[PDB]
Amino acid sequence: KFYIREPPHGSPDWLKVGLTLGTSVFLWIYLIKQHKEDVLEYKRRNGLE
Amino acid sequence: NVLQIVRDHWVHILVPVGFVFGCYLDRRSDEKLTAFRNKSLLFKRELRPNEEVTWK
Amino acid sequence: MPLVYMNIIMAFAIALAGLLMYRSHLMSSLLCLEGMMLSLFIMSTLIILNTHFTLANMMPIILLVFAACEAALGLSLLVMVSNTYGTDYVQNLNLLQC
Amino acid sequence: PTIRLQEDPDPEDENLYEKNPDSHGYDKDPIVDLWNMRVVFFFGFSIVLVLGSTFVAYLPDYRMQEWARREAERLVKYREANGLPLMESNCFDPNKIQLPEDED
Amino acid sequence: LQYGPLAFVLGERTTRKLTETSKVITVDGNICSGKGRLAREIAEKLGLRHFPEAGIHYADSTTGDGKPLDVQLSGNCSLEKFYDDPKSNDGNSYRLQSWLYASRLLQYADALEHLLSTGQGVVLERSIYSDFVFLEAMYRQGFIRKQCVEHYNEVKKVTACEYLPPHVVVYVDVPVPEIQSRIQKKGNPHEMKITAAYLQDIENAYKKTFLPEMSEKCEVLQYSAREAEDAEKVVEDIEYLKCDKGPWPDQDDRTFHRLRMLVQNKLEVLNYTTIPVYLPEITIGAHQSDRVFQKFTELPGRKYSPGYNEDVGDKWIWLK
Amino acid sequence: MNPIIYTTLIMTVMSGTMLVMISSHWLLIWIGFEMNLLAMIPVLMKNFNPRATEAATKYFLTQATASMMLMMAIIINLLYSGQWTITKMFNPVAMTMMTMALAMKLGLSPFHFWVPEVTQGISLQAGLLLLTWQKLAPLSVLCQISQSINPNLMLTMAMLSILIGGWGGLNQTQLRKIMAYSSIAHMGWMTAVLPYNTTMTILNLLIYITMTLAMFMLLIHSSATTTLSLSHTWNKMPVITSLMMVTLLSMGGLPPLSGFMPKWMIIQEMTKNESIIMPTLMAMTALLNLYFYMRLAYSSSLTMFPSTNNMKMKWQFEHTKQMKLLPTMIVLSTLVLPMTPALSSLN
Amino acid sequence: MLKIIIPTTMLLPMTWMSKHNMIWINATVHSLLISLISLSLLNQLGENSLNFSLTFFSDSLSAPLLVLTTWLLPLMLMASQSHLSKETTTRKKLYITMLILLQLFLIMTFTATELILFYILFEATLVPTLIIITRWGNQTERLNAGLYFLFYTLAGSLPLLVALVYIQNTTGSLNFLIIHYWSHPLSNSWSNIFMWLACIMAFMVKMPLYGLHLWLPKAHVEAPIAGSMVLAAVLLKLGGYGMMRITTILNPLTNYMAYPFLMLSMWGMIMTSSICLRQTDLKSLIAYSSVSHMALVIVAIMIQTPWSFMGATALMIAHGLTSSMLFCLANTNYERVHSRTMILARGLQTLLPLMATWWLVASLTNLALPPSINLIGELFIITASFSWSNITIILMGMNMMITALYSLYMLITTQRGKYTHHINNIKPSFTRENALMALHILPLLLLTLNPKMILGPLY
Amino acid sequence: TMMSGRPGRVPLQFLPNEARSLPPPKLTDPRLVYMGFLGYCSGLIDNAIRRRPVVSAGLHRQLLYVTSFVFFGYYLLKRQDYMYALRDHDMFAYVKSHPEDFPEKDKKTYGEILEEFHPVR
Amino acid sequence: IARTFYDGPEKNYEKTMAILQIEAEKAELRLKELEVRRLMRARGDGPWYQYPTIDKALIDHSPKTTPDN
Ligand SMILES: CCCCCCCCCCCCCCCCCC(=O)OC[C@H](COP(=O)([O-])OCC(O)COP(=O)([O-])OC[C@@H](COC(=O)CCCCCCCCCCCCCCCCC)OC(=O)CCCCCCCCCCCCCCCCC)OC(=O)CCCCCCCCCCCCCCCCC
Ligand SMILES: CCCCCCCCCCCCCCCCC[C@@H](O)O[C@H](CO[C@H](O)CCCCCCCCCCCCCCC)COP(=O)(O)OCC[N+](C)(C)C
Ligand SMILES: CCCCCCCCCCCCCCCCC[C@@H](O)O[C@H](CO[C@H](O)CCCCCCCCCCCCCCC)COP(=O)(O)OCC[N+](C)(C)C
Ligand SMILES: CCCCCCCCCCCCCCCCC[C@@H](O)O[C@H](CO[C@H](O)CCCCCCCCCCCCCCC)COP(=O)(O)OCC[N+](C)(C)C
Ligand SMILES: CCCCCCCCCCCCCCCCC[C@@H](O)O[C@H](CO[C@H](O)CCCCCCCCCCCCCCC)COP(=O)(O)OCC[N+](C)(C)C
Ligand SMILES: CCCCCCCC/C=C\CCCCCCCC(=O)O[C@H](COC(=O)CCCCCCC/C=C/CCCCCCCC)COP(=O)(O)OCCN
Ligand SMILES: Nc1ncnc2c1ncn2[C@@H]1O[C@H](COP(=O)(O)OP(=O)(O)O)[C@@H](O)[C@H]1O
């Protein structure tokens, strides 16, 4: 028990959890796409594939 | 019975898995030093009609 | 180099030494700082006037502006020091000794 | 107060043999104590010690010392069968060595 | 949004919630006076918030669950032992005095925070401004040493200077024989051991120092034992005061912003209570400190932050 | 102070530093320095007391004299070559004047006296600002003109700074003076490699700023300004003291910590030249800084000092406002040595 | 060889996630498994090293040291868990973390293939040791002991870093193989003399040389038992390994340079062996014994003959094992009587018989009884020194006599006579202590059964 | 100093167009894994400082820490590799364009070179 | 034991040659880089160590109210 109910909610702060997970997912997807584009661009320049 | 004992003794697999991972990483490391495989003046050997590499 | 340049540079050096040497009143040090501004202004103006650089005629104005900014800053600090101690003596500014 | 601190007194030693007359000196809980003793004895004396010493005693001769003996036997046999000095003081053939033409 | 610079730049000011009935009031009286009931009546008549007098376990009531903790984990001092043996060589007297001063400082911070956050006024049953009377009573009776008085004075000098004195100072004057009679009629065995010289020293300190000092910056309304029961008279006497002499009329929004940032962050409030002055009565050795602190974290809801203790029912921890 | 005014002053300090960094004109760099000083003076005086007034006055006098010398050097360079661009500094007398002006702005010995006094007289936030952000502009200017810099003067001042920081730090009980003396020694380490490679200077600057930010943020988290007030922290925040001890070890320069990397690179760069004796002396002198860091670690983390009774009440309250990036600064200040080759992204 | 490095980094989180009463069991079991794994490095070739990757390699000088380290960790775990019983779980995990980090740094140190990485790990070993000593020691002198230990090392090792970077700038590489194949003679120059000093002095301080040996009694006496074990067994051998590695570049300069160090080593051999005769403290006696043995190793490394190097390797291994066992034996009595004075508890053979025979076997191996590996190494070094100069036998001979003298003096003083009357809290020896003694002593005899495994690359 | 001024260089690019002709670092690069480890350590220290269960308190914020460190590390590695490639390119071009400063010396065999012998005794 | 745990000597031999070649190439490259750095810093004809000079695009090529400029 707590005398006052600890402003950081007893349930998760769904807004902050939401945009934190969203920015993590966005960063991972962007990094994957950047890596694929870099691989294709490097293969295109150097005459490999 | 399995659930609680697993949640209690899951830490005993970390070191064996670490050893397996280390063996795999050693294999990956030494497959990068094949620039002289079957090219030494001392061990240059004719490849048998069925194999492809003298050592992995 | 002309001789007036010697005189201006000697004025700057004299003002710098006067600032470096502290007697008692803080006010005199601020006077030396403002004198150093005056000498720098005169030297810049003479060099700028002698070789006809037209666009640098404004930089002595900016130099004077920022000189006034320094003067106001020093005066505010002197006001606060005098309010704390009743005199502008630099001997009182020794609390940070220990 | 004639003191300097509100400090706890120094406690006395807790004899492990008191609550556990057969205590193995590993832990205060008898079950964990017994199992600590067992794992130490099994993995130290049984596994590492005996099996490791057996593994070390039967390591293959990668130091190539029976091979060296066999090679020495072959060269001694060949050289003595042909009236050779059985070892030469020149480790390398002097013909493939170009000394300075003069030191004067 | 927790109050801070951002809440101040946009929107929130506190002079637009001060409604002239705030009037931080503190009631002061000698031991066993009707000050508590007078304060309760004043609070319920004026519509203010009543703060019961800060005891040893006051901080326990504002943290975790309001239930008090063990004396060994909070306080490390008892009032009963001071009444039994006020000269014990373990330092209980000054340890209790300093813990009580810290508790009163915390309560004053909480009252000021409530006042500046809601505008509602508060009523206090004592303050840090009057806690020194017990200090002087102990010192004059030989209960404590002069070094303890110096340590108290240093802490009070570095702590009490950051807050505003109360608007109204209410004093309930009850003479020493009458308070002795009331203690005898109380029923508590421990109090009955209070010598009359102790109460006389408390009274002397209150009249000579607390009221003269508070006169230059506060409204002092003295009363008598028979005037206290009729609290309607006291309330209508408070309604017709002129709060013009203190530092309150000279407070802007920036001073209130600084003070409101100070009253929250109780760690900053209590900062200077634990200064590294090594008095034998209050200094605790490393071994005892480590042991008691380890015991404190073993409490049900005290290991982690107030929202991350699984063993008191906090769920969804991994998503916070 | 009003939050809006404080934010405006901080942004004016930062804009002066940025103006120094982005300007190709000597007059504009001088204006950036002056704007920086003008906005910096009130920040030191945010919490008003006689000590803050003293620190502000001493800082103002030192920086104003440095500005005098810098403008005089600019004017002499203009006289001997009608150039306003920050370049090789065609005149040697002007170059000596400029070097001393910038060194006295930085606090390099023998001009080091102002730094301990000013750091002690201000709060921990102003001290953080002074010892981290106020070093960027003079070091940027010094980097831009390192080709014409005189090795004999700069290396002399750097060695003097290392020696004096190490020696002065040994005598100090207050934490702000310890941080100031460590700052002086690190400044010497930075400026020793300046005539040889400015990339190493920037690397040492970044590592020092990370460690200094971590240390000030730890000292602000645990409101300690003296040795004995920090000796109490283990009874309230043991994790903070452990992190502080690891950060101190990193500050000392012992491997495999982040702090070791800047000295290791500077020594390598100097020995790429002939320069054998001076790095040896620099390391043997940094031993002193390590010594008083270890004294602090002994007092704060590796032993348990006696506490007071009132700490039990602090045990019940949490740290209200948590400074962001404290965790990141600690990690970057300790576990970054394996990423050493990434310094190639600095040139 | 990541198959050994990664299991230790996995020991870390396994310890930090184990439940409160299972930390010692898990740590001991998996450290023993790791030592069993590392035992496979003893299959050495006869001509070149085992070049695993670009950064790690192993020959027959570093493999026994690696095995010694991996074997020593479980012994330290067993010895530590007695005096840490009242300790909170978090700081127990911290202590185990310190030990694990020390092992990891040591393991990477003995196999780092270029000099800068070796230096980095060589000095990284200083932090866990210092934390252990100055945090878990008992007396008030642990602070000063840690300060001495840190600063003696750093003062001698910073010039080594300067010399190493200079050498790489001049020659282009610091990889040991390239350094050996491309080696060139050093000229007789002042610059070369000081570069020799910079390369040698760090390892002299670590051995330690008799002169700079002061930090050792303070550090080994004030340290907790595991700290003493790791200091005496492994951390002293870092200097010997560094000398045996760095010396190839130094020659031919070593011939006229090694004279002061040889003289210091031999006379300090005599001096520190004589000191043990008048030591009223047991741990200090063992520490000075270590100093004299390591002086012998310094002589062996300096004179630079194949027999010298074989004797040095054998002596390093043997001394590690013997000194660890002696420290554990002393700590048992210390935990009994809470004092380190030798003459406090006497006549312990009457009350602790099996512990008395452990004492006897430890003392026998200390004074180099045949055919133990201790005497194998000592005799090889003595023969090499006799070849170097026939007058060395006098000094060597004197040392043997004093070593036997103080070893048997310690045994007689602690174990024989009559038990002191007042002490009544001498409890029977626990199974843990007897197992610890057996696990020190059995490897020594098993190693004298097969002695080529610890004789180095010159074999 | 040495690389500060170079022909055809955009001031604040951080990643020139000519850097795309280089192989990108693999996503399983050990340096990227170390950056992710640094992010995990930052998350754990964040949990411990704020008095939260260190291993399990905030999973979303720990994930954000790890991905932020990995994201910065990828571009940091790209720029590192690009600068090292520039260094090697410039050094090779300078060697090629100044033959008289880097002449190929005559090849001698160990049978011809006379090395002095220093006995060990 | 040899079959289950170890390999032949050819593998270690050839790995050693590969490692030696890599390290020797790195050493010669480091020495070459040091020499190139020394030469460019001495002469200034290389891409490296190019200190800025005044851009000629700032010059005004217009009649200057006086024929002699
Ligand atoms: C090289 C190889 C790798 C090494 C890298 C370096 C080391 C690792 C990374 C370091 C950073 C990571 C963590 C840092 C933050 C943690 C802080 C902390 O306190 O932790 C508490 C926390 C336990 O607390 P709790 O459970 O919340 O509740 C108890 C209370 O919190 C209890 O709270 P309390 O208030 O009671 O605590 C009080 C205590 C608390 O004080 C501390 O705990 C010390 C804090 C450590 C300082 C870290 C600074 C930055 C890191 C630098 C490391 C330097 C390394 C170089 C060598 C030099 C060594 C200094 O303070 C004291 O008592 C005073 C003791 C003074 C001793 C002085 C020495 C301290 C410095 C030593 C640092 C060495 C590294 C330690 C790493 C782990 C330490 C937790 O520990 C953990 O649980 C985390 C351990 C790691 C978790 C990993 C598990 C992941 C999953 C496992 C499986 C693995 C993969 C699975 C896949 C396989 C397939 C099946
Ligand atoms: C309590 C009761 C006591 C009394 C009763 C005793 C009972 C009987 C005991 C008496 C018998 C004496 C033994 C007689 C010798 C026989 C053993 C011998 O044959 O084995 C040796 C071999 O010894 C082993 O090599 C010992 C291994 C060494 C120990 C390994 C280390 C264990 C790990 C522990 C950590 C150590 C760290 C220190 C760094 C290494 C011989 O070497 P080798 O001729 O070639 O091998 C023969 C096999 N070949 C021919 C195929 C090659
Ligand atoms: C506590 C333990 C500390 C560790 C002890 C380490 C000992 C280090 C000593 C190193 C020994 C050799 C150093 C000097 C080499 C030659 C010795 C000296 O006598 O030189 C003579 C020359 O005569 C003079 O002695 C010259 C040196 C004069 C200055 C040295 C005096 C130093 C005083 C000793 C201080 C104690 C050392 C510890 C300092 C803290 C030889 O004549 P020469 O064949 O032509 O020169 C040979 C060298 N060359 C070829 C390169 C030129
Ligand atoms: C402990 C490590 C401390 C690191 C400090 C903070 C880490 C994060 C850095 C923030 C990243 C953003 C900065 C810049 C991004 C875009 C801007 C871009 O234009 O910058 C260009 C290039 O970016 C920056 O210059 C490089 C920033 C890279 C910082 C990371 C290197 C850390 C040093 C090695 C330690 C290992 C750290 C591993 C990660 C923690 C500037 O080119 P240029 O105009 O021509 O430079 C002028 C000044 N010079 C020539 C004298 C250098
Ligand atoms: C007929 C036999 C009679 C005599 C028996 C002799 C006893 C010998 C057994 C003792 C073994 C000593 C341990 C040494 C292990 C070496 C580890 C490593 O070097 O080998 C790995 C090989 O992997 C092996 O499989 C390792 C498995 C050994 C694991 C040891 C664990 C034993 C612990 C048992 C404890 C009991 C558990 C019960 C708990 C209560 C290398 O991986 P890899 O690079 O691929 O192989 C390269 C060579 N190849 C390609 C030809 C195959
Ligand atoms: C526990 C305490 C132990 C402390 C021992 C620390 C001292 C170790 C011995 C000296 C270390 C410093 C050596 C410097 C680094 C070596 C690099 C080197 O040798 O290169 C030389 C450089 O040599 C030097 O410059 C040496 C300068 C020495 C200055 C440092 C003074 C240190 C004290 C000197 C006497 C004390 C040393 C022995 C004491 C032993 C411990 C008691 C060649 O460079 P060039 O300039 O290019 O010359 C040839 C091209 N023309
Ligand atoms: N600063 C102090 N030092 C010592 N004792 C104190 C202090 N403050 C309060 N007390 C004790 O707390 C008790 C309650 O105080 P009081 O308000 O007079 O009683 P009541 O709550 O019944 O009105 C009294 O016995 C008083 O002595």
Side-chain angles (χ1 to χ4, degrees), chain F residues 245-246 248-249 252-257 260 283-284 286-298 301-303, chain G residues 72 76 95 98-99 101-103 105-106 109 119-161 201-240 242 272 281 283-284 286-291 294 320 323-324 327 340:
Chain F
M245 183 278 288
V246 188
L248 281 162
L249 289 183
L254 307 170
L257 307 169
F260 173 75
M284 305 300 264
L287 279 187
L288 298 161
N289 290 65
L290 177 66
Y291 182 89
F292 66 74
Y293 291 145
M294 292 300 293
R295 181 198 292 133
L296 201 54
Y298 278 0
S301 185
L302 296 163
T303 59
Chain G
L72 196 80
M76 284 170 325
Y95 194 83
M98 275 318 110
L99 296 186
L101 280 188
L102 194 40
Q103 184 178 2
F105 293 153
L106 287 165
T109 311
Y119 172 92
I120 288 183
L121 301 152
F122 172 96
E123 285 196 320
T125 50
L126 262 68
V127 191
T129 311
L130 175 62
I131 289 165
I132 283 163
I133 295 173
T134 55
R135 173 74 198 199
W136 283 280
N138 290 318
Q139 288 177 6
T140 185
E141 293 83 3
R142 63 193 195 253
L143 301 191
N144 189 359
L147 284 190
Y148 266 53
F149 166 71
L150 172 72
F151 285 106
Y152 267 85
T153 303
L154 279 177
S157 81
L158 291 156
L160 175 68
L161 176 62
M201 277 314 264
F203 308 119
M204 294 296 172
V205 174
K206 272 266 182 186
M207 281 297 279
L209 180 60
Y210 166 81
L212 326 166
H213 78 276
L214 292 198
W215 67 270
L216 189 139
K218 309 208 184 222
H220 294 195
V221 161
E222 305 319 298
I225 181 54
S228 292
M229 293 177 70
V230 75
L231 282 158
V234 177
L235 299 183
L236 290 181
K237 318 306 161 62
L238 283 175
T272 51
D281 197 348
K283 290 196 82 169
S284 313
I286 307 162
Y288 281 110
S289 311
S290 314
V291 179
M294 295 299 291
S323 52
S324 192
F327 273 123
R340 292 189 296 272

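Quick note on labels: first sequence line is chain A, next is B, and so on, each numbered from 1. As a basis for the values below, the full set of heavy atoms in this structure was taken, side chains included, without hydrogen atoms, waters or symmetry mates.
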With a sphere of 6.0 Å drawn around CZ of G/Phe151, does it hold more than 12 non-hydrogen atoms of other residues, nucleotides or ligands?
yes
Counting only heavy atoms from other residues, nucleotides and ligands, does the tally under 6.0 Å from OH of F/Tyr291 exceed 12?
no
Just wondering, do [Y] and [X] contact through their side chains at under 4.5 Å, heavy atoms?
X	Y	value
G/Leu160	G/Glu123	no
G/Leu212	G/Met201	yes
F/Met294	G/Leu147	yes
F/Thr303	G/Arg142	yes
G/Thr125	G/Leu102	yes
G/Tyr288	G/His213	yes
G/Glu222	G/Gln139	yes

Over all atoms of both residues, closest heavy-atom pair of [X] and [Y]:
X	Y	value
G/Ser323	G/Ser290	CB-OG, 4.3 Å
F/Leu302	G/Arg135	O-CD, 3.8 Å
G/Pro159	F/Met284	CD-SD, 4.3 Å
G/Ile133	G/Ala219	CD1-O, 4.4 Å
G/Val205	G/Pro208	O-CB, 3.2 Å
G/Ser228	G/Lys283	OG-NZ, 3.0 Å

Go through G/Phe327 and G/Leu231 one step at a time and tell me if the side chain to side chain contact (heavy atoms under 4.5 Å, CB included) criterion holds.
CA-CA 11 Å; G/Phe327 273 123; G/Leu231 282 158; over 6 Å; no
Between F/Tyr298 and G/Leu143, is there a donor-acceptor pair closer than 3.5 Å when you use the side chain of the first and the backbone of the second?
yes
Is there a donor-acceptor pair closer than 3.5 Å between any side-chain N or O of F/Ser301 and the backbone N or O of F/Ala297?
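No.
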Aromatic ring pairing G/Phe149/G/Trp215, orientation class (parallel under 30°, perpendicular over 60°, tilted between):
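G/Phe149 vs G/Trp215 ring planes: tilted.
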Using the six-membered ring wherever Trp is involved, compare the ring planes of G/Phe122 and G/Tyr119 and label them parallel, tilted or perpendicular (cut-offs 30° and 60°).
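The arrangement is parallel - the two ring planes meet at less than 30°.
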Could you give the distance from [atom1] ([X]) to [atom2] ([Y]), rounded to the nearest 0.5 Å?
X	Y	atom1	atom2	answer
G/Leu214	G/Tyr152	CG	OH	4.0 Å
G/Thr109	G/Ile120	OG1	CD1	10.5 Å
G/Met294	G/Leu209	CE	CG	11.5 Å
G/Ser324	G/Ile286	OG	CD1	10.5 Å
G/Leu99	G/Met76	CG	CE	5.0 Å
G/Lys237	G/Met207	NZ	CE	8.5 Å

Pair G/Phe203-G/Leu238, side chain to side chain contact (heavy atoms under 4.5 Å, CB included): steps then yes or no
CA-CA 7 Å; G/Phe203 308 119; G/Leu238 283 175; over 6 Å; no
Qualifying residue, where the test is side-chain contact (heavy atoms from CB on, under 4.5 Å) with G/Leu106 and the options are G/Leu235, G/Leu121, G/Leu72, G/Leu101
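It is G/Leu235; the other options fail the test.
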Begin from the C-alpha positions of F/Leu254 and G/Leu150 and carry the test side chain to side chain contact (heavy atoms under 4.5 Å, CB included) through to its verdict.
CA-CA 10 Å; F/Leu254 307 170; G/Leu150 172 72; 4.0 Å; yes
For G/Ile132 and G/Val230: C-alpha separation, side-chain torsions, deciding distance, then whether side chain to side chain contact (heavy atoms under 4.5 Å, CB included) applies.
CA-CA 11 Å; G/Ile132 283 163; G/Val230 75; 5.9 Å; no
